[PDB]
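This document contains two forms of one protein chain, each encoded as structure tokens and listed individually as structure 1 and structure 2.
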Structure 1
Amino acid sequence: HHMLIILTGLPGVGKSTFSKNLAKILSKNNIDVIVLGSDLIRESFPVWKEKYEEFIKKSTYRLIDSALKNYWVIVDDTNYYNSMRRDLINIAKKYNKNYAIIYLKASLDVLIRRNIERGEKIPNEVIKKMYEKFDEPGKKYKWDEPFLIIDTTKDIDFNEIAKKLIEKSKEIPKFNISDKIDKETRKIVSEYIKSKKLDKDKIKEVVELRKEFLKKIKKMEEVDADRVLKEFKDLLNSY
């Protein structure tokens, strides 16, 4: 069967590169897989503007959503907030597909390094900040626990990852009358105990009086709430 693979990690950690390589190995193992991320649409605009984010976010989600109907989808996005990963998981749940969160990690050193090597189009200060605010996968919710944690400073074994993911895709993602009688007879008993201030010994009789009464009732086939309750009220009035 097929699944939703959710990457998470800071800008420059290697999400996009890891995505392409993962997809390529999967393709060799005979799987139809597509790589999606908010960046596809975000970079389609010639400049950045806060006001495009809504459309960017909505459109990326529609593509992911429509793609998971027929293909494995690798979501290549920073996904720094747990609520963002929750949102992606809701798509998998909706289609009853399995999902795996893959957390790519790297020291802040490497991150700043790589960011400089890219023209620091994202200011290093913002990178530092994001590293601090990042939501550690699984620290808050079991559903957020990373299927794998990848160290992008060391070599990566895609065949092994593929193998594990393929196995995971084969798992099963699972994700009147009577009570009325009990409820109400309980109310009546409390009403009665109040109106007569019975003693410790006489209340116990009333309790037992109700147990015996209820037990007898669950024996008869035809039972009408209102009529049974009336029978109970008068049983107490003459006891």
Structure 2
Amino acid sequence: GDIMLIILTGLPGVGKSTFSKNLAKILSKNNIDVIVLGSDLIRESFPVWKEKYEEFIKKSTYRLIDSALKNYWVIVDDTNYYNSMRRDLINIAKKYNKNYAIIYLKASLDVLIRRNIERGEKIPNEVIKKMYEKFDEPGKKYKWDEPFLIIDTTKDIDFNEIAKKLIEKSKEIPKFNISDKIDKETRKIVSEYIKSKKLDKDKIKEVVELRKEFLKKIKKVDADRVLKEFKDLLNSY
């Protein structure tokens, strides 16, 4: 065949966008029509963040991918923290019978951190640390979730060999959560609050731990009201 979906996954700061641009270039250098899409395209088109935009950001991103994927290779440049997000993207490929490859980028928690620091700490370092401790690496649960490539971003990377490999893969016949949303959105709300209320490092820790305690209770439901309650808690606190 000749159209393929490339799904990136890995923590913020790990180098997913830089990778996407290098990959896209080498692919295009080989006459491959490819587009890089990720949720930030849509999310950052708003002047502000608000929890309620997320639904339309999610859906718009999938709409773009779905639609792009009939004509072009697509590199998805998102965190894709949860295996259910990776499932969603895979089902897009399934729908049109396109091949896919999950490419897992990784780095030491120390590298991610300084990257964040270099980025202006728009995401709080403590959130990233929290994110890292809690990241289940892809395919530790589902066959279909297994990375085609694991790539160490603090080691040299061979985009030719990657291209060459993806292109062979493309010509093969493809073979084929509410709690995720509360986890994802409460993290985001926390981040927003922290930078908006320009919290100090002691309030930062307290708030991250507030979330922790609060999630413990919620496991032991309706996503939407759970998130509203969470904002109230943050306020009350």
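The first residue in the sequence of structure 1 is number 1, and each one after it adds one. Definition used throughout: the rigid core is the maximal C-alpha set that superposes within 1.5 Å between two forms.
With both forms of the chain shown on their own, indicate which is the form deposited without the RNA.
-> That would be structure 2.
Of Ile31, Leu40, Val189, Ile34, which one's CA moves 2 Å or more between structures 1 and 2, core aligned?
-> After core superposition, the single residue displaced by 2 Å or more is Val189.
Establish whether a shift of 2 Å or more occurs at the C-alpha of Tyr52 between structures 1 and 2, with the two forms superposed on the rigid core.
-> No; that C-alpha moves by less than 2 Å between structures 1 and 2.
Cα of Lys202 displaced 2 Å or more between structures 1 and 2, core superposed?
-> True for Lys202: a C-alpha shift of 2 Å or more.
Yes/no, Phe213 Cα shift of 2 Å or more between structures 1 and 2 with rigid core fixed | The answer is yes; the displacement is at least 2 Å.
Check the Cα of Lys168 between structures 1 and 2 on a core superposition and give its shift in Å.
-> Here the C-alpha difference is 0.1 Å.
Core overlaid, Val228 C-alpha shift between structures 1 and 2, how many Å?
-> Core-aligned C-alpha shift comes out at 60.7 Å.
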